[PDB]
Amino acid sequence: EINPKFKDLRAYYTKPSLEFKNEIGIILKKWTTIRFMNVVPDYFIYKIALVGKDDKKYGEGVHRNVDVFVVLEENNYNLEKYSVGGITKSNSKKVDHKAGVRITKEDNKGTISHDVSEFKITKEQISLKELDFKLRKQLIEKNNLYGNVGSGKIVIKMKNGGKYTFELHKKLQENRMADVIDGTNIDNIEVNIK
């Protein structure tokens, strides 16, 4: 029912997450190996690692109209509240979009399940981090991802034919946690677990 071969992935993708909307980001002078966006939604300062394309995108100073999708992590910088990527532009208008999910699953025994789902997007711009994190956590919850089976792929398919693939046998590559896409152009989501 739960295989220890996948324990790290199942623990990573069942971690709680936090969403910060219509917020402000402060980036200061580089002090270590990378640069951080500081966000202060409550009594804490959160350090959001500027990885991948976020490094060039954000100069030092103040950035308004910022959403962040947060998954707090251990780290080697001695930081209490740290997460990687998931910074996006705050909605410029109402967003309430759902995309169809089709899920196919094959265990080691040959049993082939077929689920469907609907995925609610409430952001005009959304990080792959958020999509990857929320879709995996769901698959674990409802389809036993990282229980009996722990590989395969998620494919996000777009109105224009483009796509974004998450391979299920490892974490999303950290650089990709900074990648962002138009939520309301997500057409459907194809999950294949094998």
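Note that residue numbering begins at 1 and tracks the sequence as displayed.
- Of the two segments examined, 182-190 and 5-13, it is 5-13 that shows the higher average Cα temperature factor in the deposited entry.
- Comparing the deposited coordinates for 27-35 and 159-167, the stretch with the larger average C-alpha B-factor is 27-35.
- The entry lists C-alpha B-factors for 111, 83, 122, 88, and the highest of these is at 111.
- For the set 67, 55, 42, 130, the maximum C-alpha B-factor listed in the entry falls on 55.
- In the deposited entry, the Cα temperature factor of residue 134 sits in the bottom third of values across the chain's modelled residues.
- In this PDB entry, the Cα temperature factor of residue 47 sits in the bottom third of its chain's modelled residues, the lowest group.
- Sorting the modelled residues of the chain by their CA temperature factor places residue 103 in the middle third.
- In the PDB entry, residue 79 places in the highest third of its chain by CA B-factor.
- In the deposited entry, the Cα temperature factor of residue 116 sits in the top third of values across the chain's modelled residues.
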